[PDB]
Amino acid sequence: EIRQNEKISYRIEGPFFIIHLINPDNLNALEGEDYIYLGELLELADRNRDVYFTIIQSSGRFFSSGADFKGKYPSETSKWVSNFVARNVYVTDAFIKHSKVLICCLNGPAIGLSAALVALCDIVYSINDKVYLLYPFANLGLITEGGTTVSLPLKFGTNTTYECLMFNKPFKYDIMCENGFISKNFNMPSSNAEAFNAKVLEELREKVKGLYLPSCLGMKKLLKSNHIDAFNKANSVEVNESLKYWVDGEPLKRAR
């Protein structure tokens, strides 16, 4: 039981807790409170003993274009602590610690904090070879977010990570496939995300047959311990280091 959000729905089918970004007209751009809502959904899925997989699906041609930049305080610092710092530490933490198998259905590109979240998922399936991830921090006057400090070198390599981050270049489909970031490309048309989403769920129902599901969670629990400390450390430092960029004002100015 949780409040409703017009941009994001969820349902449970058997062992699957399915989260759906449902605002395709705005490329599923997300405001601060929507990221918090996502964290609350993960925490809900995490407390449900019938759930073994948490599946994040979207809508339209984009997975998510990232933070919504369309959408009181004693200082600039106090403002940004409340608005940026808090939201980012919270949602990043919710993904880092999540105990269920986290699967992203990548129906199109993801950008920024949303793309950070994709990189925190355990398994990623792509609609087709036109998906990409973009982390435009250098263009926005920002730094790494959502644990990308750790996740990008981990999943794409350190050298590739520098090229992409330092020069604001996308991690394209080819780079994703070369690094095993995508576990399966479904090769379906971008115009039917809904069909892609349904097909992934159908294959998942097939793939879990016969498995002892608590083994999945037991294995994940050990696997997570490989990098949990690095992610926790990066979360705190990412969010605090970002502050001077917001307080300096550059990302605001750039928000044109």
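One-based numbering along the sequence shown.
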Deposited residues lacking coordinates between residue 180 and residue 181 (none, 1 to 3, 4 to 9, 10 or more): none
Compare the mean C-alpha B-factor of 165 to 173 with that of 77 to 85 as given in the PDB entry, and name the stretch with the higher value. 77 to 85
Output the stretch having the higher mean C-alpha B factor in the entry; the candidates are 235 to 243 and 12 to 20. 12 to 20
Looking at 226, 64, 54, 187, which has the highest Cα B-factor in the entry? 187
Can you tell me which third, lowest, middle or highest, the CA B-factor of residue 103 falls into for its chain? middle
For residue 136, return the chain-relative third of its C-alpha B-factor as stated in the PDB record: lowest, middle or highest. middle
Sort the modelled residues of this chain by their C-alpha B factor and say whether residue 230 lands in the lowest, middle or highest third. lowest
Entry-reported Cα temperature factor of residue 217, expressed as the chain third it lands in: lowest
Residue 71's Cα B-factor: lowest, middle or highest third of the chain? highest
